[PDB]
Every structure is written in structure tokens, then in C-alpha cells.
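Everything below belongs to my_file36.cif, which stores mmCIF, C-alpha atoms.
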```
data_query
loop_
_atom_site.group_PDB
_atom_site.id
_atom_site.type_symbol
_atom_site.label_atom_id
_atom_site.label_comp_id
_atom_site.auth_asym_id
_atom_site.auth_seq_id
_atom_site.Cartn_x
_atom_site.Cartn_y
_atom_site.Cartn_z
ATOM 1 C CA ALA A 1 0.000 0.000 0.000
ATOM 2 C CA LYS A 2 1.504 3.293 1.179
ATOM 3 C CA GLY A 3 5.191 2.692 0.539
ATOM 4 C CA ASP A 4 7.919 5.106 -0.532
ATOM 5 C CA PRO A 5 8.438 5.504 -4.322
ATOM 6 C CA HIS A 6 5.792 7.676 -6.031
ATOM 7 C CA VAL A 7 5.050 7.364 -9.750
ATOM 8 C CA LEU A 8 2.883 9.701 -11.834
ATOM 9 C CA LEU A 9 1.046 8.221 -14.790
ATOM 10 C CA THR A 10 -0.085 10.981 -17.110
ATOM 11 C CA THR A 11 -2.791 9.513 -19.337
ATOM 12 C CA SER A 12 -5.003 10.921 -22.070
ATOM 13 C CA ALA A 13 -7.925 10.599 -19.641
ATOM 14 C CA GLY A 14 -6.288 12.161 -16.602
ATOM 15 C CA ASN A 15 -3.486 11.719 -14.096
ATOM 16 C CA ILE A 16 -2.939 8.836 -11.701
ATOM 17 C CA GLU A 17 -0.418 8.910 -8.868
ATOM 18 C CA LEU A 18 0.859 5.672 -7.361
ATOM 19 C CA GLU A 19 2.629 4.903 -4.110
ATOM 20 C CA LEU A 20 4.731 1.753 -4.405
ATOM 21 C CA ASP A 21 5.268 -0.537 -1.416
ATOM 22 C CA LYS A 22 9.026 -1.115 -1.486
ATOM 23 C CA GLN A 23 9.022 -3.036 1.810
ATOM 24 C CA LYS A 24 6.323 -5.561 0.879
ATOM 25 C CA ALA A 25 7.220 -5.972 -2.798
ATOM 26 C CA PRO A 26 10.915 -5.106 -3.343
ATOM 27 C CA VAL A 27 11.296 -7.053 -6.584
ATOM 28 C CA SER A 28 8.038 -5.798 -8.113
ATOM 29 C CA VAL A 29 8.773 -2.185 -7.187
ATOM 30 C CA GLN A 30 12.308 -2.235 -8.593
ATOM 31 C CA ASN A 31 11.081 -3.887 -11.801
ATOM 32 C CA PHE A 32 8.303 -1.290 -12.214
ATOM 33 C CA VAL A 33 10.603 1.660 -11.450
ATOM 34 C CA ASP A 34 13.185 0.414 -13.965
ATOM 35 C CA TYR A 35 10.548 0.346 -16.705
ATOM 36 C CA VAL A 36 9.380 3.811 -15.712
ATOM 37 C CA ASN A 37 12.837 5.411 -15.678
ATOM 38 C CA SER A 38 13.707 3.811 -19.030
ATOM 39 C CA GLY A 39 10.657 5.401 -20.635
ATOM 40 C CA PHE A 40 9.241 1.973 -21.411
ATOM 41 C CA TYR A 41 5.694 2.864 -20.322
ATOM 42 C CA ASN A 42 5.655 6.069 -22.354
ATOM 43 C CA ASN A 43 3.119 5.688 -25.155
ATOM 44 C CA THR A 44 1.783 2.362 -23.874
ATOM 45 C CA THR A 45 -1.940 1.967 -23.291
ATOM 46 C CA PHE A 46 -4.557 0.397 -21.060
ATOM 47 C CA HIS A 47 -5.305 -2.295 -23.630
ATOM 48 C CA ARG A 48 -7.619 -4.359 -21.446
ATOM 49 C CA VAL A 49 -10.443 -2.857 -19.426
ATOM 50 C CA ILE A 50 -13.245 -4.546 -17.511
ATOM 51 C CA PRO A 51 -16.001 -2.351 -16.021
ATOM 52 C CA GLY A 52 -16.278 -2.814 -12.267
ATOM 53 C CA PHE A 53 -13.154 -4.976 -12.181
ATOM 54 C CA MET A 54 -9.886 -3.475 -13.392
ATOM 55 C CA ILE A 55 -7.808 -1.745 -16.018
ATOM 56 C CA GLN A 56 -4.667 -3.382 -17.411
ATOM 57 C CA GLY A 57 -1.810 -1.792 -19.339
ATOM 58 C CA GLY A 58 1.933 -1.510 -19.839
ATOM 59 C CA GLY A 59 2.433 -3.838 -22.786
ATOM 60 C CA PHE A 60 1.165 -2.393 -26.066
ATOM 61 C CA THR A 61 1.798 0.831 -27.970
ATOM 62 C CA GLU A 62 -0.962 3.069 -29.308
ATOM 63 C CA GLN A 63 -0.674 1.096 -32.545
ATOM 64 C CA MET A 64 -1.644 -2.098 -30.713
ATOM 65 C CA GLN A 65 1.917 -3.392 -31.100
ATOM 66 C CA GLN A 66 3.368 -5.519 -28.305
ATOM 67 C CA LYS A 67 6.588 -4.122 -26.866
ATOM 68 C CA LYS A 68 9.651 -6.192 -25.956
ATOM 69 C CA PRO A 69 9.895 -6.381 -22.141
ATOM 70 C CA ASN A 70 12.769 -7.354 -19.868
ATOM 71 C CA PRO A 71 13.148 -10.801 -18.228
ATOM 72 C CA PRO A 72 10.255 -11.901 -15.931
ATOM 73 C CA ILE A 73 10.305 -11.452 -12.142
ATOM 74 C CA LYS A 74 9.497 -13.663 -9.176
ATOM 75 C CA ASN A 75 5.921 -13.512 -7.918
ATOM 76 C CA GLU A 76 5.528 -11.682 -4.602
ATOM 77 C CA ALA A 77 1.797 -12.415 -4.142
ATOM 78 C CA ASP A 78 2.554 -14.071 -0.802
ATOM 79 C CA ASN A 79 3.422 -10.674 0.713
ATOM 80 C CA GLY A 80 0.031 -10.374 2.408
ATOM 81 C CA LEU A 81 -1.253 -7.562 0.190
ATOM 82 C CA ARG A 82 -4.759 -8.029 -1.198
ATOM 83 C CA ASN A 83 -6.187 -7.021 -4.568
ATOM 84 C CA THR A 84 -8.609 -4.452 -3.131
ATOM 85 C CA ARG A 85 -9.952 -1.328 -4.845
ATOM 86 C CA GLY A 86 -7.172 1.155 -5.530
ATOM 87 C CA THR A 87 -4.293 -1.323 -5.582
ATOM 88 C CA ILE A 88 -1.888 -2.007 -8.415
ATOM 89 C CA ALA A 89 -0.732 -5.538 -9.206
ATOM 90 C CA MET A 90 1.359 -7.395 -11.761
ATOM 91 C CA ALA A 91 -0.295 -9.192 -14.652
ATOM 92 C CA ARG A 92 1.142 -12.547 -15.703
ATOM 93 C CA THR A 93 0.460 -15.704 -17.679
ATOM 94 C CA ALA A 94 0.135 -19.322 -16.513
ATOM 95 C CA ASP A 95 3.473 -19.531 -14.680
ATOM 96 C CA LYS A 96 3.547 -17.693 -11.362
ATOM 97 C CA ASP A 97 6.944 -16.141 -12.138
ATOM 98 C CA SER A 98 6.098 -14.891 -15.627
ATOM 99 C CA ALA A 99 5.246 -11.259 -14.867
ATOM 100 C CA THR A 100 7.167 -8.719 -16.908
ATOM 101 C CA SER A 101 5.843 -5.218 -17.629
ATOM 102 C CA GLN A 102 2.047 -5.530 -17.600
ATOM 103 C CA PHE A 103 0.182 -4.316 -14.539
ATOM 104 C CA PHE A 104 -3.410 -3.702 -13.604
ATOM 105 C CA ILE A 105 -5.237 -1.415 -11.242
ATOM 106 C CA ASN A 106 -8.131 -2.913 -9.319
ATOM 107 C CA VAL A 107 -11.214 -0.699 -9.347
ATOM 108 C CA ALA A 108 -13.005 -3.106 -7.017
ATOM 109 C CA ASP A 109 -12.221 -5.833 -4.508
ATOM 110 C CA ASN A 110 -11.031 -8.780 -6.584
ATOM 111 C CA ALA A 111 -10.280 -11.334 -3.874
ATOM 112 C CA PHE A 112 -10.297 -14.139 -6.431
ATOM 113 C CA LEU A 113 -6.917 -12.798 -7.565
ATOM 114 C CA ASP A 114 -5.333 -13.042 -4.110
ATOM 115 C CA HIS A 115 -2.729 -15.591 -3.116
ATOM 116 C CA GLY A 116 -4.347 -18.815 -1.989
ATOM 117 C CA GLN A 117 -3.744 -22.514 -1.496
ATOM 118 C CA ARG A 118 -4.755 -23.476 -5.049
ATOM 119 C CA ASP A 119 -3.176 -20.626 -7.023
ATOM 120 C CA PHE A 120 -0.284 -18.345 -6.156
ATOM 121 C CA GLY A 121 -2.311 -15.308 -7.179
ATOM 122 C CA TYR A 122 -1.328 -11.893 -8.476
ATOM 123 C CA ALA A 123 1.251 -9.746 -6.704
ATOM 124 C CA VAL A 124 0.089 -6.397 -5.349
ATOM 125 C CA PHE A 125 2.914 -3.858 -5.092
ATOM 126 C CA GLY A 126 1.276 -0.503 -4.452
ATOM 127 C CA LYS A 127 -1.850 1.621 -4.396
ATOM 128 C CA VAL A 128 -3.375 4.637 -6.102
ATOM 129 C CA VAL A 129 -3.072 7.757 -3.941
ATOM 130 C CA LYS A 130 -4.638 10.123 -6.458
ATOM 131 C CA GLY A 131 -6.721 9.689 -9.587
ATOM 132 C CA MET A 132 -8.991 6.766 -8.744
ATOM 133 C CA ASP A 133 -11.787 8.687 -10.471
ATOM 134 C CA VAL A 134 -9.608 8.561 -13.587
ATOM 135 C CA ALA A 135 -9.070 4.808 -13.188
ATOM 136 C CA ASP A 136 -12.836 4.377 -12.934
ATOM 137 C CA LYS A 137 -13.319 6.434 -16.105
ATOM 138 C CA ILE A 138 -10.788 4.359 -18.034
ATOM 139 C CA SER A 139 -12.553 1.142 -17.041
ATOM 140 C CA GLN A 140 -15.774 2.394 -18.664
ATOM 141 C CA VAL A 141 -14.542 3.236 -22.164
ATOM 142 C CA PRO A 142 -16.225 1.356 -25.046
ATOM 143 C CA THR A 143 -14.537 -1.882 -26.113
ATOM 144 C CA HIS A 144 -14.755 -4.457 -28.898
ATOM 145 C CA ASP A 145 -17.088 -7.444 -28.486
ATOM 146 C CA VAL A 146 -16.482 -10.481 -30.691
ATOM 147 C CA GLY A 147 -13.357 -12.609 -30.367
ATOM 148 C CA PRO A 148 -10.840 -13.118 -27.525
ATOM 149 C CA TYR A 149 -10.092 -9.388 -27.620
ATOM 150 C CA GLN A 150 -13.537 -8.137 -26.623
ATOM 151 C CA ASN A 151 -12.088 -6.304 -23.613
ATOM 152 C CA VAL A 152 -9.833 -4.160 -25.808
ATOM 153 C CA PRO A 153 -11.028 -0.531 -26.011
ATOM 154 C CA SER A 154 -12.083 0.970 -29.351
ATOM 155 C CA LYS A 155 -9.612 3.707 -28.457
ATOM 156 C CA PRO A 156 -7.338 2.566 -25.592
ATOM 157 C CA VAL A 157 -6.373 5.259 -23.103
ATOM 158 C CA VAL A 158 -2.721 6.138 -23.619
ATOM 159 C CA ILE A 159 -0.080 6.635 -20.939
ATOM 160 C CA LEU A 160 1.709 9.668 -22.380
ATOM 161 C CA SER A 161 4.427 9.553 -19.743
ATOM 162 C CA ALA A 162 5.319 7.764 -16.517
ATOM 163 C CA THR A 163 7.644 9.466 -14.040
ATOM 164 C CA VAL A 164 9.106 8.750 -10.631
ATOM 165 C CA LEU A 165 8.319 11.886 -8.459
ATOM 166 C CA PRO A 166 10.892 13.640 -6.247
#
```
Rewrite the coordinates I just gave you, this time as C-alpha cells.
Amino acid sequence: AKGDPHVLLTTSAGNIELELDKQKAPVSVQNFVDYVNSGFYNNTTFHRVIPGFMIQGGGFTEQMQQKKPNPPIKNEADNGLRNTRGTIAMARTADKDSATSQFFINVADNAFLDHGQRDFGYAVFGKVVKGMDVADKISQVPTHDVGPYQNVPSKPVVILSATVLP
């Protein structure tokens, strides 16, 4: 939750400020900060949005092109942090340690994503300290509705810049 590093995401729909929990998720925070400082998240979008659930981004450009991320990181979902409204967590595939650059912001309590005995879960590494209204807005933009990409916005919100604050 309330950690130390602060990151500002300036999007085409508004600004979102994050507070990263360096003590509870050291690996996740360092990985995220490295992407931020390298300008990796600049011009990436929230390519997957689900009303009442979450908004996911950090992997595709405005042209819907997948960017080349750095090596995956270990999953820190066992750090006790829960996927409650306002938290930011790492997206990943089947393998628990496959998270790279994609992250999502929970706009509601998504306890089914928390670490459990049957699935390792998704690692929470921070929370939104400002701009939750913006996150909510992003989750409600119109999306496609046919194939496996029906959660992709017609016009994905773009992250114009991401910056670590002083």
C-alpha cells in the first residue's frame, strides 16, 4: 500500500499517482521503477479494461503493437497484500513467475486474484493515492465485443508519460 516511491502516470484521460510498497514488494517495485525510468511505459496503453473490475496496461503501444519487455520477475503475491480497490498488481500468464511489464489497477475488490492454497495469485505492489476517479473512467470506455479481444477498447487510453516523483 503506502510505501515510498511515487510514480505519476499521465494519461489521455487524466493523471494517476501511485505509491509503491518497497518493503512488501521489493522485486516488483524495482522492476516497475526500472521500466518507468527507461521510458518503457511512455506511449503504452490500457489495452484491457473490464467495467467494475480493473484496467490493465503496460504492454502495447498506441498502434496495438506488443513491446519487448525485460526478463520476468518472481511472484511476490505471498506478501500479504490483497487485490482491493485502488491497488496495483502485476499481470502474468500461466506460470507464477512470468510477470514482466504488464500491470493492472483494481477498481473493485477482486479477492479471487489473491494468493491462496490453489493458485499463487497476483502480486500487489502498491496503491493509487490520487486519480482513482480517472481509473474508474478508463474502465468504462467502449470496447470491442467479438473474439478473444472483446475487452480491448475501441480507443485505448494512452499513458503519455510515466515518471518517478521527487
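Ranking A:3, A:166, A:80, A:156 by their shortest atom-to-atom distance to residue 121 in chain A, with all atoms listed in the file included, puts A:80 first.
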Expanded to explicit residues, what is the PyMOL selection byres ((chain A and resi 13-26) around 6) for this file, as a short mmCIF file (atom, residue, chain, number, x, y, z; two decimals) with C-alpha atoms, in the frame of the given file?
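Everything below was put into part_28.cif:
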```cif
data_model
loop_
_atom_site.label_atom_id
_atom_site.label_comp_id
_atom_site.auth_asym_id
_atom_site.auth_seq_id
_atom_site.Cartn_x
_atom_site.Cartn_y
_atom_site.Cartn_z
CA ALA A 1 0.00 0.00 0.00
CA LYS A 2 1.50 3.29 1.18
CA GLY A 3 5.19 2.69 0.54
CA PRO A 5 8.44 5.50 -4.32
CA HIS A 6 5.79 7.68 -6.03
CA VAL A 7 5.05 7.36 -9.75
CA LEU A 8 2.88 9.70 -11.83
CA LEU A 9 1.05 8.22 -14.79
CA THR A 10 -0.08 10.98 -17.11
CA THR A 11 -2.79 9.51 -19.34
CA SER A 12 -5.00 10.92 -22.07
CA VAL A 27 11.30 -7.05 -6.58
CA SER A 28 8.04 -5.80 -8.11
CA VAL A 29 8.77 -2.18 -7.19
CA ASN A 79 3.42 -10.67 0.71
CA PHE A 125 2.91 -3.86 -5.09
CA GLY A 126 1.28 -0.50 -4.45
CA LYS A 127 -1.85 1.62 -4.40
CA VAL A 128 -3.38 4.64 -6.10
CA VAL A 129 -3.07 7.76 -3.94
CA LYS A 130 -4.64 10.12 -6.46
CA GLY A 131 -6.72 9.69 -9.59
CA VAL A 134 -9.61 8.56 -13.59
#
```
Evaluate the PyMOL selection byres ((chain A and resi 157) around 12) and report residues as a ChimeraX atom specification: /A:9-15,43-49,55-58,60-64,134-135,137-143,152-156,158-160
I need the chosen residues saved as a short mmCIF file (atom, residue, chain, number, x, y, z; two decimals), in the frame of the given file, with C-alpha atoms.
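Contents of the output file part14.cif:
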```
data_model
loop_
_atom_site.label_atom_id
_atom_site.label_comp_id
_atom_site.auth_asym_id
_atom_site.auth_seq_id
_atom_site.Cartn_x
_atom_site.Cartn_y
_atom_site.Cartn_z
CA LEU A 9 1.05 8.22 -14.79
CA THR A 10 -0.08 10.98 -17.11
CA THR A 11 -2.79 9.51 -19.34
CA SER A 12 -5.00 10.92 -22.07
CA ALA A 13 -7.92 10.60 -19.64
CA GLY A 14 -6.29 12.16 -16.60
CA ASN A 15 -3.49 11.72 -14.10
CA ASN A 43 3.12 5.69 -25.16
CA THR A 44 1.78 2.36 -23.87
CA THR A 45 -1.94 1.97 -23.29
CA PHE A 46 -4.56 0.40 -21.06
CA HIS A 47 -5.30 -2.30 -23.63
CA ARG A 48 -7.62 -4.36 -21.45
CA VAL A 49 -10.44 -2.86 -19.43
CA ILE A 55 -7.81 -1.74 -16.02
CA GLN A 56 -4.67 -3.38 -17.41
CA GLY A 57 -1.81 -1.79 -19.34
CA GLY A 58 1.93 -1.51 -19.84
CA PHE A 60 1.16 -2.39 -26.07
CA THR A 61 1.80 0.83 -27.97
CA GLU A 62 -0.96 3.07 -29.31
CA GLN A 63 -0.67 1.10 -32.54
CA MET A 64 -1.64 -2.10 -30.71
CA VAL A 134 -9.61 8.56 -13.59
CA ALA A 135 -9.07 4.81 -13.19
CA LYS A 137 -13.32 6.43 -16.10
CA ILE A 138 -10.79 4.36 -18.03
CA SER A 139 -12.55 1.14 -17.04
CA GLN A 140 -15.77 2.39 -18.66
CA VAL A 141 -14.54 3.24 -22.16
CA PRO A 142 -16.23 1.36 -25.05
CA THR A 143 -14.54 -1.88 -26.11
CA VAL A 152 -9.83 -4.16 -25.81
CA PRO A 153 -11.03 -0.53 -26.01
CA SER A 154 -12.08 0.97 -29.35
CA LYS A 155 -9.61 3.71 -28.46
CA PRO A 156 -7.34 2.57 -25.59
CA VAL A 158 -2.72 6.14 -23.62
CA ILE A 159 -0.08 6.64 -20.94
CA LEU A 160 1.71 9.67 -22.38
#
```
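Distance annotation: of A:76, A:145, A:119, A:114, the residue with the minimal separation from residue 99 in chain A is A:76; atom set is all atoms listed in the file.
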Result set of the PyMOL selection byres ((chain A and resi 69) around 7) on the coordinates above, as a list in words: residues 67, 68, 70, 71, 100 and 101 of chain A
d(CA of residue 88 in chain A, CA of residue 105 in chain A) in Å: 4.4 Å
Coordinates-based distance that separates CA of residue 52 in chain A from CA of residue 102 in chain A (Å, one decimal): 19.3 Å
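From CA of residue 151 in chain A back to CA of residue 136 in chain A, the distance works out to 15.1 Å.
Comparing A:37, A:65, A:83, A:30 by their smallest distance to residue 113 in chain A, the closest is A:83 (using all atoms listed in the file).
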Spatial neighbours of residue 36 in chain A, max dist 7 Å, all atoms listed in the file, sep filter under 5 positions, as number ranges by chain: A: 41, 162-163
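Residue nearest residue 108 in chain A, chosen from A:86, A:59, A:148, A:39 and counting only C-alpha atoms: A:86.
When all atoms listed in the file are used to measure the gap to residue 112 in chain A, the shortest distance among A:161, A:84, A:149, A:75 belongs to A:84.
Proximity of A:73, A:54, A:107, A:164 to residue 95 in chain A, computed with only C-alpha atoms, is greatest for A:73.
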All file atoms of range 50-67 of chain A boxed axis-aligned, 5 Å per side, centre plus edges, as lines of an AutoDock Vina configuration file:
```
center_x = -4.8
center_y = -1.2
center_z = -22.4
size_x = 32.9
size_y = 18.6
size_z = 30.4
```
